[PDB]
Every structure is written in C-alpha cells, then in structure tokens.
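Colleague:
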Amino acid sequence: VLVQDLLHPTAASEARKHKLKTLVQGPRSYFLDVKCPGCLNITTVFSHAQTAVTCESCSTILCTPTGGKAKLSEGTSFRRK
Amino acid sequence: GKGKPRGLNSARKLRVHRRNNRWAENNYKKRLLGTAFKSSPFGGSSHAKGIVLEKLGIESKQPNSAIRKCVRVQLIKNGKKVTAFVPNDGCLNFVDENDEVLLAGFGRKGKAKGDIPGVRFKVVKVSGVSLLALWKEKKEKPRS
Amino acid sequence: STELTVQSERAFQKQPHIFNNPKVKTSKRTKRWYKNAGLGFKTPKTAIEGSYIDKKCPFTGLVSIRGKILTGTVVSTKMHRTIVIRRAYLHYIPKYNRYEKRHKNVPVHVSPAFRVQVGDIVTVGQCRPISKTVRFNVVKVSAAXXXXXXXXXXX
Amino acid sequence: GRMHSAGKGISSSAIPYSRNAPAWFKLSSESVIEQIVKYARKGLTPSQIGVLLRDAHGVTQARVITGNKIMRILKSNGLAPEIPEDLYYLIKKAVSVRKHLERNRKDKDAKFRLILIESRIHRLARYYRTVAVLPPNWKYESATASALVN
Amino acid sequence: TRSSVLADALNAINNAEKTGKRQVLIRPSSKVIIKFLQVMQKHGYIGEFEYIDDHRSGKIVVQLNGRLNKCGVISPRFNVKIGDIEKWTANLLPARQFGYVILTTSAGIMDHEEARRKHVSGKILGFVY
Amino acid sequence: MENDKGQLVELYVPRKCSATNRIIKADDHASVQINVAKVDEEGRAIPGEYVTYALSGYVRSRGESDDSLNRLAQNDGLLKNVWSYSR
RNA sequence: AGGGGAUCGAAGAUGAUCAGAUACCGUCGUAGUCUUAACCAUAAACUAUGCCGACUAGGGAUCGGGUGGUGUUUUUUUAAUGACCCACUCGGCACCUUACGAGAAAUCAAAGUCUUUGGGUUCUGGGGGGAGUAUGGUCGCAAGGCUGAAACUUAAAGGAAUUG
RNA sequence: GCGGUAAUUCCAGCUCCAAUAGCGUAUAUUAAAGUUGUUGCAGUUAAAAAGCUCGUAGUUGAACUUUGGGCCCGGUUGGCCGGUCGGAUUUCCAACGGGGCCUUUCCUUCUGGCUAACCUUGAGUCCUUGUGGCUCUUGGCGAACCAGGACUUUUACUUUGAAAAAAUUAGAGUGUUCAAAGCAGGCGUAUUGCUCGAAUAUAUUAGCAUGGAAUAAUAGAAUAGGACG
RNA sequence: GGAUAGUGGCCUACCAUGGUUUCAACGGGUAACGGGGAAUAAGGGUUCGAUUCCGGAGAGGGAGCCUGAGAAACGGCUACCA
Ligand SMILES: [Zn+2]
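Just so you know, the protein sequences line up as chains X, U, Y, W, R and P, in that order. Position one of the first sequence corresponds to residue 8 (the numbering used here), numbered consecutively onward. Position one of the second sequence corresponds to residue 378 (the numbering used here), numbered consecutively onward. Position one of the third sequence corresponds to residue 26 (the numbering used here), numbered consecutively onward. Position one of the fourth sequence corresponds to residue 58 (the numbering used here), numbered consecutively onward. Position one of the fifth sequence corresponds to residue 958 (the numbering used here), numbered consecutively onward. Position one of the sixth sequence corresponds to residue 418 (the numbering used here), numbered consecutively onward.
Here is the structure:
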C-alpha cells in the first residue's frame, strides 16, 4: 500500500477475489471426466450442471444441480481436465 | 454535474432554461412586463409635474417622532394622484394649494425614503422657480 | 410521379415545337427532346427512355438548374410530381458555445424520371420559381430504399 | 445498471482469454454442429442448447470449437424462429401475467409488473426493428400476443 | 453508464497522485487514452504505463512519479479556432511558463504547444500540470 | 528558478519527500528526517556519515512511513527480504 | 352506491373544572373506523439529501447466494443429509472508528475527488411579506387538485454555532 | 441612524475636506454581480429534489479496423565563426516543423494533351587523392492539371484563402504651437519645382474555395438480390 | 389559359388533397424599422441603436390613377373618412 505490484500480484490472494476482479478476468469453473463402474465408458461433465446430466448408454444419472456446483451421484468418480 | 446539460449540442435547452430562470430577476421582469409604463405614477419618466391638491402633514414612522410636510399632487400628464414630500426646512411655506410643482423620485425606485410612509416622490420645482433658489434666497415666486 | 396515361389532361400533352410528321413514316412515333442540366448530373436513362411530358423536368423540360445545389432527406411524397425534403443542420450559439439542432423543409419538384420514396436521401438543384413554394428540382437520388427488401420473411 | 429495478448486482460469465483451444479437446466441428442442429430439431433455444452442450457434452463454449454462434448455426441450417428468443420469452411472460390479472384485477402490483414487462418488450422490438430483423411494421398488442406464442 | 472513459482514467491518475500511490490500475483502455498518456509521459508528469490485454476493452497500469498536480478533461470537446487555444490555456493553466493544454486536431492528439508549431487545431481533450 | 542572463534568483529550493516526491515546506511540522548510521565492518557505526531520508507530513499521518522505510531503505541496500514489492 | 357496524370515536349532548373552558379530564355517542364497486391524488408522502458511472479508508457485526475445511456438534458402522465454526468473495439493510478530503457550521463515505472550478442527464431555487393570494385554464360529485401573477409594502427574514 | 437643553448629522458662524468652469439631483442602463452563474451559482438544516415508478420528444451514450521501421527533398529560426565594406551566406551543428517516399498500402478511371521529375548516359570534366558539380540529345516515371468520355456513401470539425463600402474601431506616419481633431504635409533654386503619403488590422455566424484525416456521426456483403473479370 | 416588363395560385377554369408544427408551428406582445453601430473595459457577457452611412416605409387616414424611361407620387390628380 502506497506502493505495490499491479502487474505482478501474488497468486495467494489473486485467488481469494472475484472472477471479474482479477488482473485479467476468467472462470472458476472446471470440466471433469466422470465415471461409474456400471459402464466401461466415461463422460465429460461441467461442474455447475443446471441440467441434470445423464450417462453414456446407461440411463442412470450423474449429477443433480444446486445453487452452484453439481452434486454428484454418490457411487461415482471424477478427474479434472 | 448539477443538472445543467453539458452536451455539445444542448444549446437550445440552455438558453431556453436561461430565459425561464431569468424571469425571477425583479429588474428584468419589470423591464419586460412593462410596469414602468403600466404601473408607476410617472410615465416611467425621470420626473413629472402636477397641481397641488392639499397640503399634508404626515406622522413619521418609528422609532422617529415628528411631522413631515408634503403635498397631494395630481399629475398633468396622466391625472394620477400622488402624495409627495417637500424637502428642506419650511418649504411647505413656498407652495400653497392649487399650484404647479415639478416632482421627481426619492432615489429608491418606488420605495418610501426615510421615515416618510408611502411617499416615494418629492418636490423639485414649484410654480416655475426652483424650490432651492427659494429656500436659499436666489429667486422669488412668480406672480400668483 | 405521373404513371400511365401520359395523355391524361384536358389539353394535349406535347413538348413544345418538337414536331414529328405523320407523312413521315416512323418507328419512333414521336420525336423526343432532352438535354443535360450540367454540373455533372448524368441525365438519367429513364428521362430519355421516358414517355411523360413534365415541362418542369430538368432533363426533359424547359427549366434550368442553376444557383445553389443542395441535398436532404425525403420526409414527404404525396403531392403529384413534387415532394418535401428536410435538410437538418446545427446552429452555433456563441454564448453557450454549442450547436443546436435545426431543420428546414424545402418543397422540390420531382420529375417522373425518378422513383422517389420517403427516406431516399436526395440531391436537388435550384431553378426558377415553378410554383408558390418551389425553387428546386430533384437531380440525383443518392440513396435507394434503405435496405427495405432486407426486412422480409422466411422460407 | 439494471433498468426496471435499482438492483446493482454483478452475475455473469467470465470468458477465458483462450479464444482458441480447449487443447484438451478432440472431436471436430462436424460432431458438435450436428449436435446443435439436431437438438434444434428437438426444439431447443440457443440458450438451452448452449447449456446442454456445455454440461452433458464437452463444449465449454460453442463459438470457439466452431467459428460460428449457435443462433447463427440455426439460421444457417434454416431453423431460426419467427421472432428472436428474448422477445419471445418476454412476450410469453407478459401473456401469462396478463392472464393472471384477468383472473384477479384487484392486484395492482401485477398491473405494475405488466406495464414494466411490456415497456421492456416495446424497447426491445424497437431495437430489433431498427436492425431489419423485425419487420418495419412489427408491434406488440395483447390481442395478438396470446396468439403469438402458438 | 460510462460516459467518457478518458475522464475516468484521468480521475484515476489524479486520485492516485493525491492518495500517495505510484501505480494506477485504469480501465478500460482506448486509443484516445493511450495518446493522451503518451503526450503526458513525453513531458514527464508520469513514469511509464503498461497496457495489459484482457481480450475486451483493455487495462492500463500507470506508474507515476508525483510531479503532477492535476490532469483533467474538458468533456464537452469544444472546437478551437486557433485563436481560442490561447484562451483555454489562459483558463486552466497555472502559468504561461509551464503546464500544457492537450487537444485533438486533424494532425493528432497533441499538446497546445506542438499544436501551435504544427499550425493545426480541432477539438480539446484536457490538460496537464 | 533562474533569471535573465542565467544566474540564480528566488531563494529557498525546498526539501522533498523521498517516498512521494511531494514538496516539503515550512509549516508542515508533520514531515520528518530519518538519519541512518553508515556503520563499518564488525559492529561500529560511523558517525559523521548518514543515509538521510525525508518523509513528508501526509505520509506520516497516513501511516505509510513505516512501509515507505521498508520500501526505500532496503532496495537502498540496508535490509534483506522483509518487504516485497509484489502484494 | 350497497353490505358491515365489535371497537374506538371529528360532530353534537352532557358532568366536571377555571374568572371564562365552546378545550384539556369524564359519561353518552352521530359520522367515521371493516368491506365490495367507483371517486379523490394530497402527508414532516422525510434519509427534509434526484438517477446511472468511475475513483478515493480501516474496522466488528449481520441478511441473502456461493466457495474452501482428513473444523465442531448430531451415530446407524464410517458416512449422506442438517445446524454450528473459520476463512474468502459477491449483492444487501446497518453500525463503528478515522480523516486524505468537505462544509457557515451542525456535520458528511459523501454532503469527498470543487477557483488546480467540465463523466452523463432530469428537476427546482434567486431577500422578506403581499401569497399559494388574484385572474384565466384544466381536473373533481364535492371537498378541492394541478398550472399561478401583480399592485403595494418592507431592512431585514433566515441558517448553524457561542456565551449568557 | 441623528433631535425629547452640555445635538461630532438639524438652523447658522467659523474652520475644514472632495471635486473644480463646473458640481448636485431624479430616471434608466453597465460595472460591481460567481445575486442568471457556457466560463461560473445554489438546492441535508438558510430560497429550492416532483410521494413513487413507467416512459415519447430532447440531451447523452463501452472498446476494436494503416500501428511501426528505413531513405530523400527543401524551407526558418538559432548557434561558433566571418569570407566582410550595422549585415551577407556555405558548411561544422543541434532545435523546429513541411513535401514525396518503400514497406501486401487508388490516386475515380480510361483515351493523350505538359512531360518536371530520374533507375536514365552521352564524350567527361571546370576541378579538393572524388559520387563534392551540371551545362548536355537517342531505349527510358503519369498525375504536374489539362479536355472529353465514363462513375462517385453522406457529414460535423478545423486550416489557409477568396469575397469582402466608407464613418466607427484597433493602429502606422505627419508637431493642428499642445490636445480633441484633420489627412495632411515635407523641400529648394521661396523670380517660373523637388517630393513622401493618404497604411496595416478586426471584419467572429452562413454561402464559396482549399489543406487536414485525429475526434465524432454516417452508409456497406447474412434468405448473399455481394466483390471484382 | 389569362394577366405581367417578365418568374409564380399572380388570377381564373378543372383536378387532387395537400402545406407548417415541442428542432415550438399558429396565435398574442412589443412604450420593435433593420444593419453599419453605441454604452459598460480580465474573460465570457450585458444593454442599447428614432438619430449624420446603406436598405426599407410614409407624406393626416384609405383606396384609385394620370403622366412618364421610372410614381400606385402626394410641395400630382381623382373619390371617400377625419
Ligand atoms: Zn453410468
């Protein structure tokens, strides 16, 4: 304060603020491949559903949406990127 | 920006809004509406001359306590009637009723002068000669 | 404006003196007269191809384009062979140092050599008085119909 | 801003600097564009379709993998609707609201909200009509509004 | 809504100067702002600024020294008829010997002085001292 | 502030804060001057030798003089780590 | 214009009181108060503070949404749910402390960034009284609403603070 | 605000002050007046935010599209010298602009009328070891604007200029003895003329003419009813 | 078409239904002839201009017209009102 680095802000507190208030804005939403042992085939899913996503060929379930991120369907697993 | 449209094209709004606001300037409202010609006992003229109707003695406003000698005058130009003070000491002596005095303002534009209520005018030239030359001793009152 | 009939008045509609002889066998029927107003205003194809008469037509009539040459937006097309255009402008007021929006509606004669509608920015040239309020004549339709076909429907 | 309320909230979508990529993305434009038009035949709005393709499918944004925006795809394959999406849903709401009022005229608030919704409608359509996509005559009236949806 | 960005940026630089800071996060950015700042550093009331590129309208980071009292914008970009530049500088400039009025001419966004030499004129942007 | 044929005129070329470059004038009794001893090898601190700083009244009141010391008197050499220009 | 009419209660009638007491106080109680259908369009309708935008300072709360935790508490077998804790961030109704700054002051996160005077835009005001009066116009069933002068008079009116 | 018996304001004496062939007064006007506020007012409590929201006219309205580099040409100050009989110009040399360049880069476009301009050169040289210099016709620059055909997105803004009665005004010269004025006048050979003037400027909006191409509008190819050939 | 010295709803005949307007039409006011100009000096303004220069209008009011190159003249005529 009175002097700092606007061009180079510490990642420690660049990740506390808002998605639009950062140095150059961007999303806090990740994509993840999601798998259920019912099938041998995984499914790409967005972390904030809105739409209750269904699986591959097994019409079972994957996620039911919420106020933000999607709750996952218990007996499943997931991996980012 | 406190209201006033600052745009490069709002000239009309600004001059109009001017006129509008200008009407709350007393001397301007007066100068346009007429007043000086409508109202006002003179013609808007600097002076006006009339006939003395009766010699008056006005009790003066507070906290002053005396009697201020004036005359009621009926202007020759327009027949309006106006009570006007006679300045200096005496000088209500020089007048008499039924004469021909020349009246002027009291340097206030309307507005009664001192403690003289409702008197906005004064004597400046009675019977033809100046009231001053009469109160000193220069000139003397014409014929009758 | 005009359209159809051409000969549609109590008096015969003929261009002055432009005589053609019935003895003289013809394929053109009536011999036609035209010119060019000058000032690089290309005398339009429809003026020479035309069949109308208009003696107030700058290209095929007996008037002359001279003086001021102006342009404006078309606000009115109702009166026959004459329209009303609105030239806008800004007036500089020094006291407030600002320009204020103003306009003027010039009445201008339009030859049946044009196809003017309301909106077509247009270029007119001063002439003689031809009427009570007419001192100009349309001499170039700069616009078109303002992308009017662009607003259509489906398929 | 926010017009018909002085509610100054901020709640959008922060777009990545990555106008290209996802880099972790295989497939092609082929697949996902077929997805778009097919879902369009299924009868979904560009917003709906975008959300769907963004969740169940692997499309962060369907403007980058395919150099064209969804509604433009729909227009391209001849799937565009009578009026744009936003004007449609505005009008639709206005119609349901109106019905609510004609079910009880004692609700002043409802009349307020109807005035507002309709003002919004008229402004919008004035824009659309400025840009040739709403026919130069097109206007909203209730007595053709309740028909306009169907 | 944001009426004139140049105004905002200049107010940001100014509040920066006053508050005691040396760095100014200004947003958004545009060619006009750039040229302004460019004729600002050319006479050295600021250090150097860095255009950071969000893929939208932009950002700028102005490192200033503190030689600047106050810079401003004449928002109604009035037209200046070569005789009127004298009047404007006379208006908002602390003295003849320094401080410069900056304006937009058909010869570019230049200070009153360069404008005087080049013998060009136009609308007015603001001022620096 | 010189005159005609060169030559200095106008007395008094005032101080200046090291932190803000804001001019320091007479009635600002809130300003300050900080003398740092220029010490020598192992222990001793040479008198008649100071790293002298100046911090104007504004900053002193704002309470940035501390941070302006960690700023100035460290990249002037006489402190290590402590303050990072990135925040 | 119907309904309804408990309650309390302009009017009015009364018992008191005071010199007087058409009041204050008590008793009676019309209208009103509730309501549906239509009017009316004014309140100190007040934060006595136009709206949109940017910037300028630290703090503990709390409302609403979200995020982050091998945090507490609930046990069914470890969870899952649910409340609580801490952190962080949006948008709130608020306070606290300070003053860079502002004001005539009281005070003010604006009432700040404003003679170093220009982001955008709407509105109103120009000494006091006359007077929200007169006149015209429009609205209303009415009461009244909007629009709204002048003649004349006047050296003050008024604001905030201090000591008495 | 003074006067109701010691009146620094009244009636006078005396003295004194300001202005001076003039001074008072009444009315109006301008300044004062940032009390009309574009510059530049004010509106919590002193005058003054419409009870509230919509919303047409009006005012206003995010950012982005030829940015950057290299080469020449000649005009004006200003700097050490002077090459001189107060002022002259080369170049040593920075400063400050303007003209044309080539960088994927219409300038309306054909059809020749003009070519001044050079990648040209034809013998070389007056002459500093020569790219310092230009007289000099034959393969060889389009714009330098012509005359004629053929077509052109519209603006605001600014620039220079033309067109612009005199009196007025700002202002140069001239000693009406001075001044306000006037445009006179000044010189010998004053017995047979000599001669300088009677300037310049403002002349702001609109029309014309032109240089600019930022700022700010505008129009364009999406049912391609597009672009060139 | 007629009329003019000639353009023109200038007038007539037919025909059409158009023309200005909150970017303020139309109407009212003016103790309003317009301009060159003038008064007031930071600037921006404000106020003024019947009046020696230019342009217009009238010759108590109105209309009409003779003469003539030119007048709807008035130190011209004609009629009406005062
Ligand atoms: Zn599955």
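Even for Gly, the Cβ is constructed at its ideal location relative to N, Cα and C.
Taking 7 Å as the cut-off, is the C-beta of X:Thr67 nearer than that to any heavy atom in ligand 1?
Modeller: As a working note, residue 67 of chain X is residue 60 in the first sequence. Under cutoff, so the answer is yes.
Colleague: Specify the secondary structure class of P:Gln424 as computed by DSSP and reduced to three states.
Modeller: Start at 1 with the first residue of the sixth sequence, and residue 424 of chain P comes out as number 7. P:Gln424: strand per DSSP, three-state reduction.
Colleague: If you draw a straight line from the alpha carbon of R:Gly1004 to that of X:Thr83, how long is it in whole angstroms?
Modeller: Taking the first residue of the fifth sequence as 1, we reach residue 1004 of chain R at position 47. Taking the first residue of the first sequence as 1, we reach residue 83 of chain X at position 76. Cα to Cα, R:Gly1004 sits roughly 56 Å from X:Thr83.
Colleague: Under 7 Å between beta-carbons, which chain X residues line up against P:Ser435? List them in chain order, please.
Modeller: The residue labelled residue 435 of chain P in the question sits at position 18 within the sixth sequence. Going along chain X, no residue has its Cβ under 7 Å from P:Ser435, so there is no contact; the nearest lies around 12 Å.
Colleague: Mark R:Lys1016 as exposed unless 16 or more other C-beta atoms lie within 10 angstroms of its C-beta, in which case mark it buried.
Modeller: Reading the fifth sequence from its first residue, position 59 is the one you call residue 1016 of chain R. Result: buried.
Colleague: Use the C-beta contact count for R:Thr1046: other C-beta atoms within 10 angstroms, 16 or more gives buried, fewer gives exposed.
Modeller: Here residue 1046 of chain R refers to the residue found at position 89 of the fifth sequence. Looking at its Cβ environment, which holds 16 or more other Cβ atoms inside 10 Å, R:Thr1046 is buried.
Colleague: Would the beta-carbon of X:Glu63 be found less than 7 Å away from any heavy atom of ligand 1?
Modeller: Here residue 63 of chain X corresponds to residue number 56 of the first sequence, with the count starting at 1. The answer is yes for X:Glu63.
Colleague: Please name the residue, chosen from U:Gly467, U:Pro440, U:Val500 and U:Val503, that lies closest to U:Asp492 on a Cα-to-Cα basis.
Modeller: Here residue 492 of chain U corresponds to residue number 115 of the second sequence, with the count starting at 1. Ranking the options by Cα distance to U:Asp492, first place goes to U:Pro440.
Colleague: Would you call the stretch 72-81 of chain Y in contact with the stretch 136-149 of chain Y, where contact means no fewer than 3 C-beta pairs closer than 8 Å?
Modeller: Contact holds: three or more Cβ-Cβ distances are below 8 Å.
Colleague: Is it buried or exposed for R:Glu974, if we count other Cβ within 10 angstroms and need 16 for buried?
Modeller: Within the fifth sequence, residue 974 of chain R is the residue found at index 17, counting from 1. Within 10 angstroms of the beta-carbon of R:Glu974 lie 16 or more other beta-carbons, which makes it buried.
Colleague: Just the C-alpha distance for P:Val449 and P:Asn487, rounded to the nearest angstrom, thanks.
Modeller: As a working note, residue 449 of chain P is residue 32 in the sixth sequence. As a working note, residue 487 of chain P is residue 70 in the sixth sequence. Rounded to whole angstroms, P:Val449 to P:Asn487 spans 16 Å at the Cα level.
Colleague: Provide the residue(s) that pair with P:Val468 in DSSP beta bridges, ordered along the chain.
Modeller: By 1-based counting over the sixth sequence, the position of residue 468 of chain P is 51. Its beta-bridge partners are P:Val453.
Colleague: Between the beta-carbon of U:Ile428 and the beta-carbon of U:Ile435, is there less than 8 Å?
Modeller: Indexing the second sequence from 1 puts residue 428 of chain U at position 51. Indexing the second sequence from 1 puts residue 435 of chain U at position 58. Not in contact: U:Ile428 and U:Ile435 (Cβ atoms no closer than 8 Å).
Colleague: Starting from the C-beta of U:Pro494, find all residues in its chain whose C-beta is less than 6 Å away, skip the five residues before and the five after it, and write them out in chain order.
Modeller: In the second sequence, counting from the first residue as 1, residue 494 of chain U sits at position 117. Once the five neighbours on either side are set aside, the close Cβ partners of U:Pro494 are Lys438.
Colleague: Should the stretch 15-23 of chain X be called in touch with the stretch 62-73 of chain W, which here means at least 3 C-beta pairs below 8 Å?
Modeller: Contact between the stretch 15-23 of chain X and the stretch 62-73 of chain W is absent, because fewer than three Cβ pairs lie under 8 Å.
Colleague: For P:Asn452 versus P:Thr469, is the C-beta spacing smaller than 8 Å?
Modeller: The residue labelled residue 452 of chain P in the question sits at position 35 within the sixth sequence. The residue labelled residue 469 of chain P in the question sits at position 52 within the sixth sequence. Yes. Within cutoff.
Colleague: Can you list, in chain order, the stretches of the alpha helix (DSSP H) that have 4 or more residues and sit fully within the stretch 988-1063 of chain R?
Modeller: 988-998 and 1041-1049
Colleague: According to DSSP, Y:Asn130 sits in a beta bridge with which residue or residues?
Modeller: Looking up residue 130 of chain Y in the third sequence gives position 105. Its beta-bridge partners are Y:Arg111.
Colleague: With a CB to CB cut of under 6 Å and the five nearest residues on each side skipped, what residues in its chain are close to P:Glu427?
Modeller: Counting from one through the sixth sequence, the residue named residue 427 of chain P turns up at place 10. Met418, listed in sequence order.
Colleague: Compare the C-beta of P:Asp484 against all C-beta atoms of chain X and say whether one is closer than 8 Å.
Modeller: Here residue 484 of chain P refers to the residue found at position 67 of the sixth sequence. Chain X contact via Cβ: present.
Colleague: Less than 8 Å between the beta carbons of Y:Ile94 and Y:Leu64, yes or no?
Modeller: As a first step, residue 94 of chain Y is located in the third sequence; it is residue number 69 there, counting from the start. As a first step, residue 64 of chain Y is located in the third sequence; it is residue number 39 there, counting from the start. Less than 8 Å divides the Cβ of Y:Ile94 from the Cβ of Y:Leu64.
Colleague: Taking only three categories from DSSP, how would you classify X:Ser80?
Modeller: Numbered from 1 along the first sequence, position 73 holds the residue referred to as residue 80 of chain X. X:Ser80: coil per DSSP, three-state reduction.
Colleague: Can you give me the start and stop residues for the beta strand (DSSP E) that Y:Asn162 sits inside?
Modeller: As a first step, residue 162 of chain Y is located in the third sequence; it is residue number 137 there, counting from the start. It spans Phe161 to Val166 - the beta strand (DSSP E) in which Y:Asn162 sits, taken as one unbroken run.
Colleague: On a CA-only basis, which of X:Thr71, X:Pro72, X:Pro16 and X:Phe38 is nearest W:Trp81? Give me that one, please.
Modeller: The sequence position of residue 81 of chain W within the fourth sequence is 24, counting from 1. Ranking the options by Cα distance to W:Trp81, first place goes to X:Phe38.
Colleague: Need the endpoints of the alpha helix (DSSP H) that W:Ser203 sits in, please.
Modeller: Counting from one through the fourth sequence, the residue named residue 203 of chain W turns up at place 146. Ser199 to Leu205 is the span of the alpha helix (DSSP H), which, as asked, contains W:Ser203.
Colleague: Is W:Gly115 near ligand 1, in the sense that its beta carbon is under 7 Å from a heavy atom of that ligand?
Modeller: To locate residue 115 of chain W, count along the fourth sequence from 1; it is residue 58. No.
Colleague: Taking CB distances under 8 Å as the criterion, tell me whether P:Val476 reaches chain R.
Modeller: Position 59 of the sixth sequence holds residue 476 of chain P. Yes, contact with chain R.
Colleague: Going by C-alpha to C-alpha distance, which of U:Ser423, U:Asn475, U:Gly467 and U:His394 sits closest to U:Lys513?
Modeller: The count along the second sequence starts at 1 and reaches residue 513 of chain U at position 136. Checking every option, the nearest Cα to that of U:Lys513 belongs to U:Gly467.
Colleague: Within a Cβ cutoff of 7 Å, which residues of the same chain sit near W:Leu158, ignoring the five residues on either side of it in sequence?
Modeller: As a first step, residue 158 of chain W must be located in the fourth sequence, where it is residue number 101. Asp164, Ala167, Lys168 and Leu171.
Colleague: Please report how far the alpha carbon of U:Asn397 lies from the alpha carbon of U:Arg383, in whole angstroms.
Modeller: If you number the second sequence from 1, residue 397 of chain U lands on position 20. If you number the second sequence from 1, residue 383 of chain U lands on position 6. When rounded, the distance between both Cα atoms is 18 Å.
Colleague: From Y:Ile118, Y:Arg153 and Y:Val133, pick the residue whose C-alpha is nearest to that of Y:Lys165; which is it?
Modeller: The residue given as residue 165 of chain Y occupies position 140 in the third sequence. Of the listed residues, the one whose Cα sits closest to Y:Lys165 is Y:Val133.
Colleague: So U:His424 is in the beta strand (DSSP E); what residue range does that whole segment cover?
Modeller: For this step, residue 424 of chain U is matched to residue 47 along the second sequence. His424 to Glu436 is the extent of the beta strand (DSSP E) around U:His424.
Colleague: Roughly how far, in whole angstroms, is the beta-carbon of U:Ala461 from the beta-carbon of U:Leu480, given that I think they are within contact range, below 8 Å?
Modeller: Residue numbering aside, residue 461 of chain U sits at position 84 when the second sequence is read from its first letter. Residue numbering aside, residue 480 of chain U sits at position 103 when the second sequence is read from its first letter. Indeed they touch by this definition, with Cβ atoms about 5 Å apart.
Colleague: Roughly how many angstroms lie between the CA atoms of W:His179 and P:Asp483, to the nearest whole one?
Modeller: What you label residue 179 of chain W is simply residue 122 of the fourth sequence in a count that begins at 1. What you label residue 483 of chain P is simply residue 66 of the sixth sequence in a count that begins at 1. Those two C-alpha atoms are separated by around 60 Å.
Colleague: Identify every residue that forms a DSSP beta bridge with U:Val500.
Modeller: Working through the second sequence from its first residue, we reach residue 500 of chain U at position 123. Its beta-bridge partners are U:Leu480.
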